[PDB]
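Peer 1: Quick one, what's the 3D model for this:
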Amino acid sequence: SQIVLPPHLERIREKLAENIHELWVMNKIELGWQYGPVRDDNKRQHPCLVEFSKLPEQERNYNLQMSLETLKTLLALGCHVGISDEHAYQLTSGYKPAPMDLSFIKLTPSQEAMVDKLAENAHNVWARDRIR
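Peer 2: Numbers count the residues shown, from 1 in each chain. Here you go:
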């Protein structure tokens, strides 16, 4: 939780979370639903279509608790990463965010190895949530 991050990439990681959040619009628009007041998937009520830096920490609380600690542990997951760069068709059902073509950009095997370790951490917090 309390892993210190460099102060240059504070807002950059928020736009990086916003580039994550616009895909968080997209993966839950690919289920075929729509915006709504409540958070009900089967009733086309998904309030998380507004972006990251736009919404407060009630409709943007699930990704902000996730994508921050996905970055917070990634700097100290037994590897090394630092400042490298900036915060860088299916017509959707109300907003179409696609600033970059993420299939023109490649991933690697040390990339997905830290993804499962971050998936190990949060699922154990999900096990810590499933104590009761």
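Peer 1: what are the ranges of the helices in this protein?
Peer 2: Along the chain, counting by DSSP state H, helices occupy 10-27, 64-72, 109-129.
Peer 1: Those: which one's closest to residue 79?
Peer 2: For residue 79, the closest of the helices of the chain is helix 109-129, at 6.4 Å, according to C-beta to C-beta. All C-beta spots, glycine's among them, are computed from the backbone N, C-alpha and C.
Peer 1: So which other helices or strands are in contact with the closest one?
Peer 2: Under the contact criterion of 3 or more C-beta pairs under 8 Å, 6 or more residues apart in numbering; DSSP states H and E, helix 109-129 touches helix 64-72.
Peer 1: The residue lying closest to residue 40 once chain neighbours are set aside - how many residues pack around it?
Peer 2: Of all residues not flanking residue 40 in the chain, residue 46 sits nearest, at 8.0 Å (C-beta to C-beta, 6 or more residues apart in numbering). Using other C-beta atoms under 10 Å, residue 46 has 20 other residues around it.
Peer 1: Next: residue 69.
Peer 2: For residue 69, the neighbour count with other C-beta under 10 Å is 16.
Peer 1: From residue 100, how far off is it?
Peer 2: Distance of residue 69 to residue 100, given as C-beta to C-beta, to the nearest Å: 23 Å.
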